[PDB]
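To start, the structure under review is shown below, and the notes come after it.
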Amino acid sequence: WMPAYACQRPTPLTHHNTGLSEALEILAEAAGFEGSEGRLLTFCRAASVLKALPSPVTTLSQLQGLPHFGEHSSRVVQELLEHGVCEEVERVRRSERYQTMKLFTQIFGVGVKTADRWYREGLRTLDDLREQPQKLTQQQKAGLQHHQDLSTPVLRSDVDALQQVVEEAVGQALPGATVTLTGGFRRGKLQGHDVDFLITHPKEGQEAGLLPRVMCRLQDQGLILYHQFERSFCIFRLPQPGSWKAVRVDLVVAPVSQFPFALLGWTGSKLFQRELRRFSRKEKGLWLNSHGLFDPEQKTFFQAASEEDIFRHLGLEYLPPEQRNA
DNA sequence: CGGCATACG
DNA sequence: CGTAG
DNA sequence: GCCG
Ligand SMILES: [Cl-]
Ligand code: NA
Ligand code: NA
(Lines give C-alpha, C1' and ligand atoms only; values in the text may rest on other atoms or scores of the structure.)
(Ligands and ions follow the chains in the order given, each with its own letter.)
Protein backbone atom coordinates (compact mmCIF):
# COMPACT_ATOMS: atom_id res chain seq x y z
CA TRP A 1 0.00 0.00 0.00
CA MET A 2 2.96 2.35 0.67
CA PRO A 3 5.27 2.70 -2.35
CA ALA A 4 8.98 2.31 -1.75
CA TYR A 5 10.20 5.56 -3.37
CA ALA A 6 9.24 8.94 -1.94
CA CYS A 7 8.44 10.30 -5.40
CA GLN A 8 5.62 7.73 -5.73
CA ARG A 9 3.49 9.10 -2.91
CA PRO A 10 2.27 12.48 -1.76
CA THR A 11 4.04 13.91 1.25
CA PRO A 12 2.38 17.01 2.76
CA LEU A 13 4.22 19.63 4.74
CA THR A 14 2.33 18.87 7.95
CA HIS A 15 1.32 15.37 8.94
CA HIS A 16 0.30 12.92 11.64
CA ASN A 17 3.60 11.50 12.85
CA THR A 18 5.71 14.57 13.59
CA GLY A 19 7.41 13.30 16.73
CA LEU A 20 8.31 9.93 15.27
CA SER A 21 9.72 11.46 12.08
CA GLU A 22 11.73 14.03 14.04
CA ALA A 23 13.39 11.29 16.10
CA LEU A 24 14.36 9.29 13.03
CA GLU A 25 15.73 12.48 11.44
CA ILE A 26 18.03 13.04 14.46
CA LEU A 27 19.53 9.62 13.83
CA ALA A 28 19.84 10.42 10.11
CA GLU A 29 21.63 13.68 10.87
CA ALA A 30 23.98 11.95 13.33
CA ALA A 31 24.79 9.31 10.73
CA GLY A 32 25.75 12.08 8.29
CA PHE A 33 28.07 13.66 10.82
CA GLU A 34 29.92 10.33 11.05
CA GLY A 35 30.04 9.96 7.23
CA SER A 36 27.57 7.05 7.22
CA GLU A 37 25.65 8.06 4.10
CA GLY A 38 23.82 4.74 3.70
CA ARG A 39 22.40 4.85 7.23
CA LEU A 40 21.51 8.53 6.79
CA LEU A 41 19.45 7.63 3.69
CA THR A 42 17.62 4.78 5.41
CA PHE A 43 16.66 6.88 8.41
CA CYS A 44 15.58 9.76 6.16
CA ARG A 45 13.49 7.38 4.06
CA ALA A 46 11.89 5.81 7.13
CA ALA A 47 11.05 9.23 8.50
CA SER A 48 9.54 10.19 5.16
CA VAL A 49 7.31 7.11 5.07
CA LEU A 50 5.76 8.26 8.36
CA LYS A 51 5.16 11.73 6.92
CA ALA A 52 3.16 10.10 4.09
CA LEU A 53 0.83 8.09 6.32
CA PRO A 54 -2.81 9.16 6.64
CA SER A 55 -3.01 8.97 10.44
CA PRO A 56 -0.83 8.52 13.54
CA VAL A 57 1.11 5.34 14.22
CA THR A 58 -0.11 4.19 17.62
CA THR A 59 0.96 0.53 17.72
CA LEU A 60 4.08 -1.26 16.55
CA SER A 61 1.83 -3.52 14.41
CA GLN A 62 1.25 -0.59 12.08
CA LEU A 63 4.84 -0.64 10.83
CA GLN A 64 4.56 -4.12 9.36
CA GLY A 65 5.11 -4.05 5.66
CA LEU A 66 6.11 -0.38 5.55
CA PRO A 67 9.21 0.10 3.43
CA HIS A 68 12.46 1.17 5.13
CA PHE A 69 11.33 -0.11 8.56
CA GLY A 70 13.62 -2.83 9.79
CA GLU A 71 14.87 -3.76 13.22
CA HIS A 72 16.56 -0.44 14.05
CA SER A 73 13.94 2.08 12.89
CA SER A 74 11.19 -0.13 14.34
CA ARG A 75 12.90 -0.19 17.73
CA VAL A 76 13.11 3.62 17.73
CA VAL A 77 9.37 3.86 17.09
CA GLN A 78 8.58 1.13 19.64
CA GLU A 79 10.46 2.99 22.37
CA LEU A 80 8.76 6.28 21.53
CA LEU A 81 5.32 4.60 21.59
CA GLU A 82 6.02 2.81 24.89
CA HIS A 83 7.93 5.52 26.83
CA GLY A 84 7.71 8.75 24.87
CA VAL A 85 11.49 8.87 24.35
CA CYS A 86 14.11 6.74 22.61
CA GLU A 87 17.29 6.40 24.67
CA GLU A 88 19.52 6.27 21.58
CA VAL A 89 18.01 9.50 20.23
CA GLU A 90 18.37 11.22 23.61
CA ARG A 91 21.98 10.10 23.89
CA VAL A 92 22.69 11.64 20.48
CA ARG A 93 20.93 14.89 21.37
CA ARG A 94 23.00 15.42 24.51
CA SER A 95 26.33 14.36 22.99
CA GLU A 96 29.09 16.90 22.62
CA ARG A 97 29.91 15.44 19.20
CA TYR A 98 26.40 15.85 17.81
CA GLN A 99 25.92 19.31 19.30
CA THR A 100 29.23 20.65 18.05
CA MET A 101 28.95 19.10 14.58
CA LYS A 102 25.46 20.54 14.23
CA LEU A 103 26.67 23.99 15.33
CA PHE A 104 29.66 24.02 12.98
CA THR A 105 27.92 22.56 9.91
CA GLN A 106 25.22 25.22 10.27
CA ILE A 107 27.86 27.80 9.33
CA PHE A 108 27.70 28.84 5.70
CA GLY A 109 31.02 27.63 4.26
CA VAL A 110 31.50 24.73 6.69
CA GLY A 111 30.62 21.17 5.77
CA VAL A 112 30.91 17.87 7.64
CA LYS A 113 34.56 17.37 6.76
CA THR A 114 35.67 20.81 7.95
CA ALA A 115 33.47 20.55 11.07
CA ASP A 116 34.92 17.14 11.90
CA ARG A 117 38.51 18.36 11.50
CA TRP A 118 37.82 21.32 13.79
CA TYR A 119 36.17 18.97 16.29
CA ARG A 120 39.20 16.69 16.26
CA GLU A 121 41.39 19.76 16.87
CA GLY A 122 39.40 20.45 20.04
CA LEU A 123 37.29 23.38 18.86
CA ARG A 124 33.75 23.52 20.24
CA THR A 125 32.17 27.03 19.96
CA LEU A 126 31.77 29.79 17.39
CA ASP A 127 33.99 32.01 19.51
CA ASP A 128 36.68 29.32 19.33
CA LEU A 129 36.58 29.75 15.53
CA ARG A 130 36.55 33.54 15.72
CA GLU A 131 39.73 33.55 17.79
CA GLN A 132 41.62 31.90 14.88
CA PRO A 133 40.57 33.55 11.61
CA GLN A 134 43.86 31.94 10.40
CA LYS A 135 42.08 28.95 9.26
CA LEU A 136 38.88 30.57 7.87
CA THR A 137 38.04 31.10 4.25
CA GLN A 138 36.39 34.33 3.16
CA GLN A 139 33.16 32.39 2.80
CA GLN A 140 33.42 31.01 6.34
CA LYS A 141 34.21 34.45 7.69
CA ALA A 142 30.96 35.75 6.20
CA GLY A 143 29.05 32.74 7.46
CA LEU A 144 30.43 33.30 10.98
CA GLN A 145 29.77 37.04 11.01
CA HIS A 146 26.17 36.56 9.81
CA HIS A 147 25.50 33.31 11.71
CA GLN A 148 23.05 34.79 14.23
CA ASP A 149 20.85 36.40 11.58
CA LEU A 150 21.04 33.35 9.35
CA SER A 151 19.87 31.13 12.20
CA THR A 152 16.45 32.80 12.34
CA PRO A 153 14.00 32.04 9.56
CA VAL A 154 12.30 34.55 7.33
CA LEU A 155 8.63 34.81 6.62
CA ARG A 156 6.84 34.53 3.28
CA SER A 157 6.12 38.30 3.45
CA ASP A 158 9.90 38.87 3.61
CA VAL A 159 10.28 36.55 0.60
CA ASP A 160 7.79 38.59 -1.44
CA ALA A 161 9.66 41.82 -0.68
CA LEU A 162 12.91 40.12 -1.73
CA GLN A 163 11.31 38.93 -4.95
CA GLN A 164 10.32 42.45 -5.98
CA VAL A 165 13.88 43.73 -5.56
CA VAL A 166 15.26 40.80 -7.59
CA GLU A 167 12.64 41.38 -10.29
CA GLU A 168 13.68 45.05 -10.58
CA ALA A 169 17.33 44.14 -11.13
CA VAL A 170 16.46 41.29 -13.49
CA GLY A 171 14.26 43.54 -15.59
CA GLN A 172 17.14 45.99 -16.13
CA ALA A 173 19.60 43.20 -16.76
CA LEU A 174 17.35 41.63 -19.41
CA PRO A 175 13.86 42.90 -20.23
CA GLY A 176 11.40 40.02 -20.44
CA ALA A 177 13.31 37.77 -18.07
CA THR A 178 11.21 36.18 -15.32
CA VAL A 179 11.74 35.30 -11.68
CA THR A 180 10.15 32.21 -10.06
CA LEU A 181 10.19 31.45 -6.32
CA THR A 182 11.43 27.90 -5.69
CA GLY A 183 12.64 25.92 -2.67
CA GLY A 184 10.60 25.30 0.42
CA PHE A 185 8.42 28.36 -0.01
CA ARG A 186 7.13 26.91 -3.28
CA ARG A 187 6.33 23.71 -1.34
CA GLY A 188 4.12 25.78 0.98
CA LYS A 189 6.36 26.77 3.85
CA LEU A 190 5.30 29.82 5.73
CA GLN A 191 8.79 30.48 7.02
CA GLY A 192 12.22 29.18 6.19
CA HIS A 193 15.82 29.87 5.41
CA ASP A 194 15.88 28.58 1.79
CA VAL A 195 15.02 31.66 -0.27
CA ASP A 196 15.59 30.62 -3.82
CA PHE A 197 14.82 32.21 -7.18
CA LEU A 198 14.96 30.70 -10.67
CA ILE A 199 15.45 33.14 -13.57
CA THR A 200 14.83 32.48 -17.26
CA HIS A 201 13.79 34.23 -20.48
CA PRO A 202 11.20 33.00 -23.01
CA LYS A 203 13.65 33.35 -25.94
CA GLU A 204 16.14 30.51 -25.78
CA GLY A 205 19.68 31.83 -25.53
CA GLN A 206 18.85 35.31 -24.30
CA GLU A 207 19.64 34.22 -20.73
CA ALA A 208 23.32 33.67 -21.57
CA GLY A 209 25.50 35.95 -19.43
CA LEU A 210 22.53 37.05 -17.35
CA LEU A 211 23.60 36.22 -13.81
CA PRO A 212 26.66 38.54 -13.63
CA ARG A 213 24.48 41.38 -14.90
CA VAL A 214 21.87 40.69 -12.20
CA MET A 215 24.50 40.46 -9.49
CA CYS A 216 26.18 43.67 -10.55
CA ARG A 217 22.86 45.48 -10.29
CA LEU A 218 21.95 44.06 -6.88
CA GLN A 219 25.40 44.98 -5.60
CA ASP A 220 25.06 48.53 -6.91
CA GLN A 221 21.77 48.78 -4.94
CA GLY A 222 23.63 47.97 -1.71
CA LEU A 223 21.71 44.75 -1.10
CA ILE A 224 24.52 42.19 -1.27
CA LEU A 225 26.31 41.56 1.97
CA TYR A 226 28.23 38.62 0.47
CA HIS A 227 28.69 36.85 -2.83
CA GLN A 228 31.56 34.94 -4.45
CA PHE A 229 28.11 31.35 -13.87
CA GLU A 230 24.58 29.99 -13.33
CA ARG A 231 24.13 29.69 -9.50
CA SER A 232 24.92 32.50 -7.06
CA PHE A 233 24.88 31.79 -3.28
CA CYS A 234 24.33 35.17 -1.68
CA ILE A 235 23.83 36.82 1.66
CA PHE A 236 21.38 39.74 1.18
CA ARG A 237 20.24 42.71 3.33
CA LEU A 238 16.51 42.28 4.14
CA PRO A 239 14.72 45.37 5.53
CA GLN A 240 13.20 45.00 8.98
CA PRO A 241 11.35 47.59 11.07
CA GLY A 242 13.96 50.25 11.84
CA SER A 243 16.85 48.06 10.68
CA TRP A 244 17.61 44.97 8.58
CA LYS A 245 18.84 41.41 8.78
CA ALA A 246 21.03 39.12 6.72
CA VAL A 247 19.29 36.39 4.69
CA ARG A 248 20.65 33.59 2.48
CA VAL A 249 19.32 33.95 -1.10
CA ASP A 250 20.20 31.71 -4.05
CA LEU A 251 19.81 32.95 -7.59
CA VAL A 252 19.78 30.49 -10.46
CA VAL A 253 19.59 30.99 -14.24
CA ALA A 254 18.38 28.35 -16.69
CA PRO A 255 17.54 28.46 -20.41
CA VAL A 256 13.82 28.04 -20.97
CA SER A 257 14.42 24.60 -22.53
CA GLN A 258 15.79 23.45 -19.15
CA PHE A 259 13.47 25.49 -16.93
CA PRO A 260 11.10 22.61 -16.00
CA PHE A 261 14.04 20.47 -14.88
CA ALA A 262 15.56 23.29 -12.91
CA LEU A 263 12.19 24.20 -11.34
CA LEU A 264 11.71 20.55 -10.34
CA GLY A 265 15.17 20.21 -8.81
CA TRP A 266 15.21 23.57 -7.00
CA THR A 267 11.71 23.00 -5.54
CA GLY A 268 12.85 19.88 -3.67
CA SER A 269 12.67 18.50 -1.16
CA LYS A 270 16.23 17.16 -1.13
CA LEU A 271 15.04 13.64 -0.38
CA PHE A 272 12.33 13.94 -3.02
CA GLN A 273 14.92 14.81 -5.68
CA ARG A 274 17.33 12.03 -4.66
CA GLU A 275 14.46 9.55 -4.75
CA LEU A 276 13.23 10.86 -8.11
CA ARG A 277 16.70 10.50 -9.66
CA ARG A 278 17.10 7.06 -8.12
CA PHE A 279 13.70 5.98 -9.47
CA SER A 280 14.48 7.40 -12.91
CA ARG A 281 17.77 5.53 -13.21
CA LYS A 282 16.95 2.27 -11.44
CA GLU A 283 13.33 1.78 -12.52
CA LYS A 284 13.19 3.56 -15.91
CA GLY A 285 16.82 3.55 -17.10
CA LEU A 286 16.79 7.31 -17.59
CA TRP A 287 19.28 9.77 -16.10
CA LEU A 288 17.80 12.85 -14.37
CA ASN A 289 19.41 16.07 -13.22
CA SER A 290 18.42 19.71 -12.85
CA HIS A 291 19.19 20.32 -16.54
CA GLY A 292 17.39 17.46 -18.31
CA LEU A 293 16.43 13.81 -18.59
CA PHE A 294 18.65 11.59 -20.74
CA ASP A 295 17.90 8.28 -22.43
CA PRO A 296 21.35 6.56 -22.53
CA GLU A 297 20.28 3.96 -25.05
CA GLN A 298 18.81 6.33 -27.68
CA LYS A 299 21.35 8.96 -26.60
CA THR A 300 18.67 11.66 -26.54
CA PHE A 301 17.33 14.24 -24.10
CA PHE A 302 13.67 14.54 -23.35
CA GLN A 303 12.08 17.85 -24.15
CA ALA A 304 9.85 19.08 -21.39
CA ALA A 305 7.60 22.12 -21.38
CA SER A 306 6.35 21.57 -17.81
CA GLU A 307 6.91 19.63 -14.64
CA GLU A 308 3.81 17.66 -15.66
CA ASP A 309 5.75 16.48 -18.75
CA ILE A 310 8.61 15.21 -16.56
CA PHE A 311 6.35 13.16 -14.29
CA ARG A 312 4.67 11.72 -17.41
CA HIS A 313 8.03 10.82 -18.99
CA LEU A 314 8.91 8.90 -15.78
CA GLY A 315 5.57 7.13 -15.52
CA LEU A 316 4.75 8.78 -12.17
CA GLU A 317 1.51 10.39 -11.11
CA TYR A 318 1.93 14.15 -10.87
CA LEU A 319 2.59 15.63 -7.45
CA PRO A 320 2.21 19.39 -6.94
CA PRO A 321 5.00 21.12 -4.99
CA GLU A 322 2.98 21.02 -1.73
CA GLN A 323 3.09 17.19 -1.92
CA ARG A 324 6.86 16.93 -2.43
CA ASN A 325 7.80 17.46 1.23
CA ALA A 326 9.49 14.09 1.49
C1' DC B 1 26.75 -8.68 -1.83
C1' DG B 2 26.36 -3.62 -4.19
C1' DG B 3 23.94 0.42 -4.05
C1' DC B 4 22.57 4.50 -2.08
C1' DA B 5 21.50 11.55 -6.88
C1' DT B 6 23.76 14.59 -9.26
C1' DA B 7 25.04 18.66 -10.26
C1' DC B 8 27.80 23.83 -9.99
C1' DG B 9 31.27 27.53 -7.44
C1' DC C 1 36.71 21.61 -0.26
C1' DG C 2 32.25 24.39 -0.35
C1' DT C 3 27.19 25.02 -2.22
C1' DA C 4 22.07 23.49 -3.90
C1' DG C 5 17.59 20.74 -4.13
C1' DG D 1 20.12 0.63 7.56
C1' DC D 2 17.69 -1.29 4.54
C1' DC D 3 16.36 -3.28 -0.28
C1' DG D 4 16.60 -6.09 -4.24
CL1 LIG E 1 26.45 4.06 6.20
NA1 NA F 1 27.45 24.68 6.37
NA1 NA G 1 18.99 28.17 -0.89
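Every chain is numbered from 1, with letters handed out A, B, ... down the list of sequences. Worth knowing before you read on, the calculation uses all heavy atoms, side chains too, and leaves out hydrogens, waters and symmetry mates.
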*First contact, last contact: which nucleotides of DNA chain D are these for chain A, 5' to 3', heavy-atom distance under 4.0 Å?*
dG1(D) to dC3(D)
*Using atom P of each nucleotide, how far apart are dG4(D) and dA5(B) to the nearest Å?*
15 Å
Value in whole Å for how far the [atom2] atom of [N] lies from [atom1] of [X]:
{"X": "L288(A)", "N": "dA4(C)", "atom1": "CG", "atom2": "P", "result": "20 Å"}
{"X": "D250(A)", "N": "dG5(C)", "atom1": "CG", "atom2": "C1'", "result": "10 Å"}
{"X": "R45(A)", "N": "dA5(B)", "atom1": "CZ", "atom2": "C1'", "result": "10 Å"}
{"X": "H68(A)", "N": "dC4(B)", "atom1": "NE2", "atom2": "P", "result": "14 Å"}
{"X": "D196(A)", "N": "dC8(B)", "atom1": "CG", "atom2": "P", "result": "17 Å"}
{"X": "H193(A)", "N": "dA4(C)", "atom1": "NE2", "atom2": "P", "result": "12 Å"}
{"X": "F108(A)", "N": "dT3(C)", "atom1": "CZ", "atom2": "P", "result": "7 Å"}
{"X": "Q273(A)", "N": "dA4(C)", "atom1": "CD", "atom2": "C1'", "result": "11 Å"}

*Is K270(A) near enough to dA4(C) that one of its side-chain N or O atoms lies under 4.0 angstrom from OP1 or OP2?*
no
_Distance below 4.0 Å between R39(A) side-chain N/O and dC4(B) OP1 or OP2_ = no
By the 4.0 Å heavy-atom rule, please label [X] as base, sugar-phosphate, or nothing.
{"X": "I107(A)", "value": "sugar-phosphate"}
{"X": "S280(A)", "value": "nothing"}
{"X": "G109(A)", "value": "sugar-phosphate"}
{"X": "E230(A)", "value": "sugar-phosphate"}
{"X": "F43(A)", "value": "sugar-phosphate"}
{"X": "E71(A)", "value": "sugar-phosphate"}
{"X": "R274(A)", "value": "base"}

*Listed partners of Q323(A) passing side-chain hydrogen bond (donor to acceptor under 3.5 Å, both in side chains), at least two apart*: none
*What pairs meet the salt bridge (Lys or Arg N to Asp or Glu O under 4.0 Å) rule with one or both residues in residues 313-326 of chain A, with sequence neighbours excluded?*
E307(A)-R324(A)
Selected nucleotide, minimal atom distance to [X] side chain, candidates [options]:
{"X": "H291(A)", "options": "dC4(B), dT3(C), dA7(B)", "answer": "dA7(B)"}
{"X": "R248(A)", "options": "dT3(C), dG5(C), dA5(B)", "answer": "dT3(C)"}
{"X": "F233(A)", "options": "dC4(B), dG9(B), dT6(B)", "answer": "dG9(B)"}
{"X": "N289(A)", "options": "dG2(C), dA7(B), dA5(B)", "answer": "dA7(B)"}

*If you measure only the distance, is there a donor-acceptor pair under 3.5 Å linking the side chains of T100(A) and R124(A)?*
no
*Please confirm whether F302(A) and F294(A) have ring centers closer than 6.0 angstrom.*
no
*Mind checking whether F261(A) and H291(A) have ring centres under 6.0 Å apart?*
no
*List for me each residue that meets ring-ring contact (aromatic ring centres under 6.0 Å, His included) alongside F104(A), sequence neighbours excluded, and say none if there are none.*
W118(A)
*Does any N or O donor sit under 3.5 Å from an N or O acceptor when you compare the side chain of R231(A) with the base of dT3(C)?*
no
_Going by side chain to side chain contact (heavy atoms under 4.5 Å, CB included), name the residues that satisfy it together with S36(A), two or more places apart in sequence or in a different chain._
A31(A), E34(A), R39(A)
*Got a sec, which residues hit side chain to side chain contact (heavy atoms under 4.5 Å, CB included) with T58(A), two or more places apart in sequence or on another chain?*
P56(A), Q62(A)
